[PDB]
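Residues 32 to 219 (the numbering used here) make up the sequence shown, in order.
By construction, the Cβ of each residue, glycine as well, lies at the ideal position given by its N, Cα and C atoms.
Quick notes on the structure that follows.
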Amino acid sequence: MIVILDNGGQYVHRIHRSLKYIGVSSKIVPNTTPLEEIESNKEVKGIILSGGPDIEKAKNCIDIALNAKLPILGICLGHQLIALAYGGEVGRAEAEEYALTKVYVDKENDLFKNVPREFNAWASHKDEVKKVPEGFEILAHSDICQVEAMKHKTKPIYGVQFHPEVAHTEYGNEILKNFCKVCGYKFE
């Protein structure tokens, strides 16, 4: 089963709601709870790091860094959580909302399935990684948001700046539906 942990972001309902419509069993867990709660289930298949204001205010962020054993897909602040964890940096670029984010021929052929090479997708340039850590590689880069998606090779870790949870997210539900499905698979 998939586990969804929130780090301050109230946009987690989109994670559990989407998975449901996709046919993937998952449960949401608050940050107030102890890390042992999520660390006690090492059998899980995948994890989703809901958005949030800052992952530097919660102590659970440390658990996500050591829980890399499983495929964790971070959103909004998620991608930023992996950076500070590896020793990177993050800042603000464009707080604007109404903006375009086209992505050229780039994909890990894993979660970006059912997606073409050149397509226009929605994404806010609020905050994105400003540092370039070692061991991580971008799977999808946009003409404006090159850090649209970052995955580590050393371990099964994934991160994204855009919010694929929302419906308006063009070509976003694909990465959220493809991933949640890859790890969503359960046994009876």
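As summarised for the segment 46 to 98, the continuous alpha helix (DSSP H) elements at least 4 residues long and confined to that stretch are 67 to 70 and 92 to 97, given in chain order. As computed with DSSP, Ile106 is found in a beta bridge with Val191. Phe167 sits buried, since 16 or more C-beta atoms from the chains shown fall within 10 Å of its C-beta. Of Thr63, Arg45, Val34 and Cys92, the smallest CA-CA separation from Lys73 is found for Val34.
Only buried fits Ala171, as 16 or more other CB atoms lie within 10 angstroms of its CB.
Counting C-beta pairs with one atom in each stretch, the segment 90 to 100 and the segment 126 to 137 have fewer than three that are closer than 8 Å, which means they do not touch. In this structure, the straight-line span from the alpha carbon of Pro84 to that of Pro147 is close to 32 Å. Here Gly122 is not near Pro164, since their CB atoms are 8 Å or more apart. Relative to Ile59, the option among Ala180, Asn145 and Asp37 whose CA is nearest is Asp37. Separation of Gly109 and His194 (C-alpha to C-alpha, rounded to the nearest whole angstrom) is 10 Å.
For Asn209, no beta strand (DSSP E) segment is defined; the enclosing uninterrupted segment is the alpha helix (DSSP H) at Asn204 to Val213. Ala152 sits in a strand when the DSSP states are folded into three classes.
Under the 10 Å beta carbon count, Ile93 is surrounded by fewer than 16 other beta carbons and is classified as exposed. Distance from the CA of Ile169 to the CA of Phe150, rounded to the nearest whole angstrom, comes to 17 Å.
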